[PDB]
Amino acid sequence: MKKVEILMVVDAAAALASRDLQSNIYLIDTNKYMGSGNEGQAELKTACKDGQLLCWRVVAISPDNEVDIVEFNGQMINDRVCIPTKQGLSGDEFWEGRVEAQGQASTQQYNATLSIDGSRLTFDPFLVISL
C-alpha cells in the first residue's frame, strides 16, 4: 500500500573527476535502507513487494552541481516489470512507476543514466522483488 521512495545521492565532484558514477553514489529509501556504491555494486539495491509504487529522485551533495535522471534501460524495462515515467515541476523532477511482477518475485536489473551538469553517466542498480 505504501510507496517506496528512493533518493540517489551523487558526490558529483568526485563522479566527474573519475568518470565513475558507481563509486560515488548512495541510495537511501523509505524502507530505511542505505547503500554506498563505493562499498560495491551489490549495495545498490531496492527491496519492494509486487504491486508497489516506486519513486526515484536524484540530488548532489554540493549546492553547485545539478543532476537529473535522464533515462532507465535494461532488464526491468525490457520485460515491462517497471516502467518509470518523469513527473513534477522543473527543478524537482522525479520518476515513478508501479512494479508488475508476474506474481514471480525476483531480481530486476536496470541501467539508470544520469546527467551530472550535462555529463551523462550510467550505473547498474537492481530491484529485489518479493510477493
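Start at 1 and count along the sequence shown; that's the residue number.
- Here the stretch with the larger average CA B-factor, out of 57-65 and 86-94, is 86-94.
- The question of which stretch, 103-111 or 16-24, has the higher mean Cα B factor is settled in favour of 103-111.
- Sort the chain's modelled residues by C-alpha temperature factor and residue 75 lands in the lowest third, per the entry.
- Among the modelled residues of its chain, residue 6 has a C-alpha B-factor that falls in the lowest third according to the deposited record.
- Among all modelled residues in this chain, the alpha-carbon of residue 51 has a temperature factor (C-alpha) in the lowest third.
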